[PDB]
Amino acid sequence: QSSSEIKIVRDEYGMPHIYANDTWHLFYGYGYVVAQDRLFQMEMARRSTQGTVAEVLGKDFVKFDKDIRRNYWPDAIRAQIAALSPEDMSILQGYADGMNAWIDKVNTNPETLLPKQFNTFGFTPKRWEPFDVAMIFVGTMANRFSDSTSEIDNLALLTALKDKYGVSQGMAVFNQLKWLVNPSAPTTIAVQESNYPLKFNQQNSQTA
């Protein structure tokens, strides 16, 4: 078959199936169908993950935008993209290029193809690059489900417990409320299989 051909078949629920003969073409078809089905959602996800919501929605999203930008280093993401092999880059580039093909169609015939939400919210969609695709993932998976810490608040709680109970008892009550590990926790892997072999400090010895 030709390397230029991409076949898209939707099932009875509208789910798309992409058929292509190289990486760029495969991800191009994916991007294209995403832009048909979910353009507004994806544009607003882009803005959420890069902190550019206030540009279109106003003052209520300023603090949000600042908080998003303060939580990442975009030039570092771009350096990771620059280091990709051609095959890996093709995934991201194809995806972006396929969304852009559809976006360009939208912006050429907006009277029939522009999602209504763009008219409602008063703006039009712009093209995508590989960095945007990467940031959908970073902002919605890494930052949502892998960027969790409360250590500054934990230290304030520990300080308050030591003020109320004394140094030793305050540390022991922190261990009662926020235990390091609890051996009666139900574990996905049974103890007969394995246990984690590392033991951790549980008395804030970093500042002892």
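What we label the rigid core is the largest C-alpha set whose atoms superpose within 1.5 Å from one form to the other. Heads up: residue numbers just count along the shown sequence, starting at 1.
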RMS CA shift, core-fitted in 8 other deposited structures of this protein, bigger for 166 to 174 or for 139 to 147: 139 to 147
Would 25 to 33 or 56 to 64 have the larger average of its C-alpha temperature factors, as given in the entry? 56 to 64
Report the stretch with the higher mean CA temperature factor, choosing between 196 to 204 and 183 to 191 on the basis of the entry. 196 to 204
Would you mind finding, among 131, 123, 95, 72, the residue with the largest C-alpha temperature factor in the entry? 123
Please work out which residue in 163, 151, 43, 147 has the highest C-alpha B-factor recorded for this crystal structure. 163
Sorting by Cα B-factor within the chain, modelled residues only, which third would residue 80 end up in: lowest, middle or highest? lowest
What third of its chain, lowest, middle or highest, does the C-alpha temperature factor of residue 136 fall into? lowest
If you rank every modelled residue in this chain by C-alpha B factor, which third holds residue 15: lowest, middle or highest? lowest
